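To start, the structure itself, in structure tokens.
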Amino acid sequence: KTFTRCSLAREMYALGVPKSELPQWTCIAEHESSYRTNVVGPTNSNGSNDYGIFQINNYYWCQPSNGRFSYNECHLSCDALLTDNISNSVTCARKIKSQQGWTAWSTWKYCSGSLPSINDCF
């Protein structure tokens, strides 16, 4: 359904995301999806749609079920990114960050500075 900052931070930590990244990840989730896992974004200017808690793009990262071309760099259906279990979204998001950096997210501009410590989540 909907995470909170700390529930998301805890789960992402459990899935191997370092704490030193969590404020950024949760800030991004908050902006992208308001921590909702099942959201498909409004269609973008290029006709693409973004999926899930991190609003991961269906032209680059996941394969639309409709078979429309995607680079599918995360190697999963976009529907895999809408599941209650965030593991797929996390693994994909980490890949996106590895390859493209935080600036892959348009909302990074809001999350690139001072952020609250995540320690209160732990």
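Note that we place each Cβ from the backbone using ideal geometry, even for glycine, and neighbour counts take in every protein chain shown. Taken together, the values in this text are just the output of simple stated rules run on the coordinates, not laboratory data.
With axes computed from alpha carbons, what is the tilt in degrees of helix 87-100 against the longest principal axis of the chain, rounded to the nearest 10 within 0 to 90?
Its long axis makes an angle of about 90 degrees.
Let me have the relative contact order for the chain, percent, based on Cα pairs under 8 Å that are six or more residues apart.
The value is 26 percent.
Give me the net charge of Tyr71's neighbourhood, meaning all other residues with Cβ under 15 Å from the Cβ of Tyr71; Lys, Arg count +1, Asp, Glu -1.
Local charge sum for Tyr71: 0.
Could you give the angle, 0 to 90 degrees to the nearest 10, between helix 22-33's Cα long axis and the longest principal axis of the Cα atoms of the chain?
With rounding to tens, the tilt is 40 degrees.
In deg cm²/dmol, rounded to 500, what helix-only [θ] at 222 nm does the chain give when every DSSP H run of at least 4 residues adds -39500 (n - 2.57) and the total is split over its residues?
-9500 deg cm²/dmol
Name the residue from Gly52, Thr83, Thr107 whose Cα lies farthest towards the positive end of the charge dipole of the chain, charges +1 on Cβ of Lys and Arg and -1 on Cβ of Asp and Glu.
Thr107
Report the local net charge at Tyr60: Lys and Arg +1, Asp and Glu -1, summed over other residues whose C-beta lies under 14 Å from its C-beta.
Around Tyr60, the charge tally is +1.
Which residue, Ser33, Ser20, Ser89, tops the fluctuation ranking in a GNM of the chain built on C-alpha contacts under 10 Å?
Sorting by GNM fluctuation, first place goes to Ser20.
How far, in degrees from 0 to 90, does helix 5-14 lean away from the longest principal axis of the Cα atoms of the chain, to the nearest 10?
Approximately 80 degrees, to the nearest 10.
Taking the Cα centre of the chain as the origin and placing charges on Cβ (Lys, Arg +1; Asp, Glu -1), which of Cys6, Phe69, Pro23 is farthest toward the positive end of the dipole?
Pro23
Hey, got the dipole for the chain? About the Cα centre, +1 on K and R Cβ, -1 on D and E Cβ, debye to the nearest 20?
Approximately 100 debye in magnitude.
Show which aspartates and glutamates lie in cross-link reach of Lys97 when reach means a straight Cα distance below 19 angstrom and same-chain residues fewer than eight apart are skipped.
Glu11, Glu21, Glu30, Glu32, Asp50, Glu73
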